[PDB]
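Participant: Got a structure for you, written out below as structure tokens; questions coming shortly.
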Ligand SMILES: Nc1nc2c(ncn2[C@@H]2O[C@H](COP(=O)(O)OP(=O)(O)OP(=O)(O)O)[C@@H](O)[C@H]2O)c(=O)[nH]1
Ligand SMILES: Nc1ncnc2c1ncn2[C@@H]1O[C@H](COP(=O)(O)OP(=O)(O)CP(=O)(O)O)[C@@H](O)[C@H]1O
Ligand SMILES: Nc1nc2c(ncn2[C@@H]2O[C@H](COP(=O)(O)OP(=O)(O)O)[C@@H](O)[C@H]2O)c(=O)[nH]1
Ligand SMILES: COc1cc(C(=O)N/N=C/c2cccc3ccccc23)cc(OC)c1OC
Ligand SMILES: [Ca+2]
Ligand SMILES: [Mg+2]
Ligand SMILES: [Mg+2]
Ligand SMILES: [Mg+2]
């Protein structure tokens, strides 16, 4: 069934653009929307992400949103820029100044109805709309503030559809402005209420992985986004290729989210190799896939417990050996899985590996250690908010101090709800 | 690494087995209610056998045989011996017994020395002519420890113990070395000839009787169990079975040896890492 | 001649159903285009096979079946399969979006909007029956449709066909072929709601089928196709009395009479032998194998239970003398205790036609096979395993909000669980 | 002991004894409607919350 993709703001559009480059390649779609591939497995489930236009061209079901044109100008001249439907570029000129209030209440409010018009036009051409996936950062203004405004109005109009996000969390180690913790705290509460599943992508982890593992002195945003697009391809494999499961966004949410607010997932990927031709056996994939160094949220999973886990293996390998190694991780670290959700790990396989690799593995964990991420942001928020530092940027857009107090509380409630189940 | 759970902290025996396991460095103790174990040291009552053998990728073993209670309950032991043609009412090594139903068959025999004992966790003959130790002129019983592994091998621990009386008729425990020397000095015979041949015969008889009902040969989980057999000896050096205990303790002097023997024979045989028994059959 | 209507619900029900009708066609000599050269009466008949197949004036033999699923992709394989020519559109019913592994979505939300349609399409099959016996209902316990919509359908059928029998073929969940983490919730909810509406139900644990496939067929990673071809042999063994000349289990009523004295305890254990990968076993040996847990459809230990009824169903070169001899031996070797209020015996049926196997499949064709149906209290071990998994999750209310979000009340959970606690209790009062 | 031996061309059946013994339509529609109403209620609360 069909998914409608939305990418909002600078980060959202840059990782969204690479996502469409990656999966277009996997499905054999060239930058002009025409298919060239040797396997029909590439086309069995291609309508999930692509519309079939006049002729036999495939068009991403993607909407590109921003409050300034800069980043979307470069998308349009990007490698696969011309594949997107020109009507689906929706932008203003003001920008949002790294300011959640501008994205959510002033500048973003002026543009959002036009975005919803395009969403509506895409949903109407869907035989069976599954729901939406949004790519955005939480530290800026457009992705965070206007992105969360968008999901709220999408929920009001399509309350019975699934809302999924890939949300990039800010880190002082990879920072543009000091107000990022304010913007991220405001956004998380929106996500708590109005998404069904959120992949938490921490720029802290992406940097550490580039620096420590891939041995990249001086990572760039481009290098960060290579990790992200590889992860995004991994976690959407079951949506895009046939399996024993008839995979979809709602079944994933039912099986991953035991309590409605705890829907923030730690993603992981293996292998992560510095530029390589070396074969990786199934045991090696499995240990690396579960290793903290391969996690994208900068949370130590040993500091908490797994509520649920989904794992996807890609390539030619023994499925018996996959089950053996997966069962071996559960039986030999059973403490780190909660005992009150029996058999909480599901494994999927897909014989088609991603570009450049013979074998790969993708990890999706609902772990209580994610509370460390929210606690880190809460600490950074409070360090400034107790001195009301930088608040005039927000009160100038009509926001009140009370709304910051309420987001701080909501955040700390979320942390405590995770700690509630980490001891159980 | 192998995993095990402990569900009977009152177990003197398996408190020592778990100590030895942990001290191997190759066994990890889990929380009791964790289902991803290799080995269950289960509870004495209502052990959930129906939940074993359903964990993919785990060979699962438990230290009790489901159904062995028929042998280890005084009432049903009598029923088992009388109603099993393998054993039958006419076996020479079990006293005449009756449960209470069987009131009316009892009296048919009592009518005719008629000293009887009555017990219940049901009524049988009291052995009027026990073999009496000297000096002291005193009564005793013999405890034998038997280990049955997952292949239904029957292992008789080479060390038994006598539970002696202080009163006419150390620690009221005499071990086989001394009792053997006494039988040689007093009655010019050996423990092996006059007694153990009978003990081995009874152990084999009782355990081969129930083997079809409790064996885990073709089953999805495996069992072993430690049994304590209790014997009486009469003046003619005839051995009598009194009781079979399914949850026995051990003599402090023999915990080290026996509990180690359990690990080697019953546990490590299934979960091998990187004798003191006599095998009966 | 009295007709039987088969109803297949959800992916598991549909795929197992497709495999059974394939096997039926092979057993009866019905080609994929529905023709049957051996059937010399055209356009009608009250032969035994007409209990499952109606006939057209053109000579097509049409299964008396309805396939229903809340998404179209599984049933879309039936209408394009090698046997697509057998069924007509009215028989294949698909919805838009599935129950998302959620009993409450399958029972309440989506089930409400498709139930009247399903009943109409069943009504159409019922109208063509001179004397309908009742229904055979195939479904999983663990899916949202197989659990949620089946329980709704069983309720309406008891209303609309009050005097008719209903039998179930139910797939009990196993994590080695798992679809959803909430399958224990769905299994118990649907058992609670279906219990008073089902006269006899044959449970198959995917764990058992998986292991038999690995062990006796040397299949390393069994698929649903491996599993279903084995399951369809067993289903075929159970329904053969309805489709062939015979005197044992000749109508649905007789299943209840012979296997279920106590109506709540209506879950017979099936055991099948021999399963051989593509030396010939004797009557004594395949019968002996009916008392090995490794060949049972649900792993459990019947030595630690009591029998209420036992049926032996032989296919192939079997004569009553060899069965009696085999039974003599087994009885004096194995622990077989009946309840005191039942006779200690066996009903035996022999069909001389040996089992049919799908050409190219994984099952070797044999000269004799047997399916034993025994109502033993030991099957309760499967209820206890499941109720325990339910309890672990429900103590924290994990995942409950998904069901309450569909309009179900939290109290239905503990209502259904208390029923299962009474069921486990009734089984223990017998032992 | 063997009893009830029936013989036909396709097979035979018999019994071996080794030892003698010693809600209406309206009600359903009610539960379904109740669930749908609870569903509609939860939904109006969400749209009230989003209107705020
Ligand atoms: N034996 C067997 N089991 C199956 C088959 N298909 C699914 N299952 C089992 O059925 C359960 C999942 O339920 P499904 O039947 O797939 O779900 P559903 O009834 O279609 O309901 P939905 O949730 O709407 O998809 C799991 O326990 C699976 O292992 C099959 O073809 N054969
Ligand atoms: N029939 C009998 N003849 C002689 N002595 C008997 C006897 N029955 C019991 N006894 C005596 O009773 C004592 C133990 O009794 P019994 O074995 O019935 O109880 P129990 O279950 O407490 C034993 P254990 O302590 O080994 O578990 C023995 O020391 C033995 O000498
Ligand atoms: N991984 C990644 N992070 C980015 C990128 N661009 C910006 N960020 C992060 O996103 C936040 C800034 O928000 P941004 O998306 O640029 O602002 P917006 O245009 O108002 O949505 C900071 O936390 C940045 O570190 C990018 O291309 N990749
Ligand atoms: C395994 O991975 C996937 C599964 C699905 C899907 O339909 N259902 N997931 C089910 C389940 C998940 C996680 C843990 C579980 C534990 C036991 C049984 C099932 C579960 C969809 C996907 O994509 C949307 C997907 O890929 C991320
Ligand atoms: Ca005809
Ligand atoms: Mg920026
Ligand atoms: Mg005692
Ligand atoms: Mg389905």
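These residue numbers are counts, starting from 1, taken along the chain as shown.
Backbone N, Cα and C atoms are what each Cβ position is placed from, and that goes for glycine too.
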Participant: Per Swiss-Prot, what member of C:206, C:258, C:288, C:295 joins C:11, C:71, C:140, C:144, C:145, C:179, C:228 in binding GTP at one site?
Facilitator: C:206
Participant: Can you give me the same-chain residues 6 or more apart in sequence from residue C:254 (active site) with a CB-CB distance under 8 Å?
Facilitator: C:248
Participant: C-alpha of residue C:232 (phosphoserine) to C-alpha of residue C:365 (ubiquitin cross-link): distance in Å?
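Facilitator: Between the Cα atoms of residue C:232 (phosphoserine) and residue C:365 (ubiquitin cross-link), the distance comes to 14 Å.
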Participant: Which residue among the modified residues C:48, C:232 has the fewest other Cβ atoms within 10 Å of its Cβ, if you could check?
Facilitator: C:48
Participant: Between residue C:365 (ubiquitin cross-link) and residue C:40 (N6-acetyllysine), how far is it from one CA atom to the other, in Å?
Facilitator: 28
Participant: Which whole-number value in Å describes the distance between the Cα atoms of residue C:321 (ubiquitin cross-link) and residue C:334 (omega-N-methylarginine)?
Facilitator: 20
Participant: Taking the Cβ of each of the recorded positions and counting other Cβ atoms inside 10 Å, which one has the highest number: C:40, C:321?
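Facilitator: When each Cβ's neighbours within 10 Å are tallied, C:321 leads.
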Participant: Considering only the recorded positions C:48, C:71, C:334, which residue has the minimal Cα-Cα separation from residue C:40 (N6-acetyllysine)?
Facilitator: C:48
Participant: Measure the Cβ-based neighbour count of residue C:365 (ubiquitin cross-link), defined as the other Cβ atoms within 10 Å of its Cβ.
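Facilitator: Within a 10 Å radius of the Cβ of residue C:365 (ubiquitin cross-link) lie 15 other Cβ atoms.
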Participant: Report, in sequence order, every one of the recorded positions (C:40, C:48, C:232, C:321, C:334) having a CB within less than 8 angstroms of a CB belonging to chain A; if no such residue exists, report 'none'.
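Facilitator: Contact set vs A: none.
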Participant: Tell me the Cβ contacts of residue C:334 (omega-N-methylarginine) under 8 Å, same chain only and six or more apart in sequence, or just say none.
Facilitator: C:291, C:303
Participant: Cα distance, residue C:71 (Mg(2+) binding site) to residue C:48 (phosphoserine), nearest Å?
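Facilitator: That separation, Cα to Cα, works out to 34 Å.
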Participant: Go through the recorded positions C:48, C:232, C:334, C:365 for me and flag any whose C-beta is under 8 angstroms from a C-beta on chain B.
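Facilitator: The recorded positions close to chain B are C:334.
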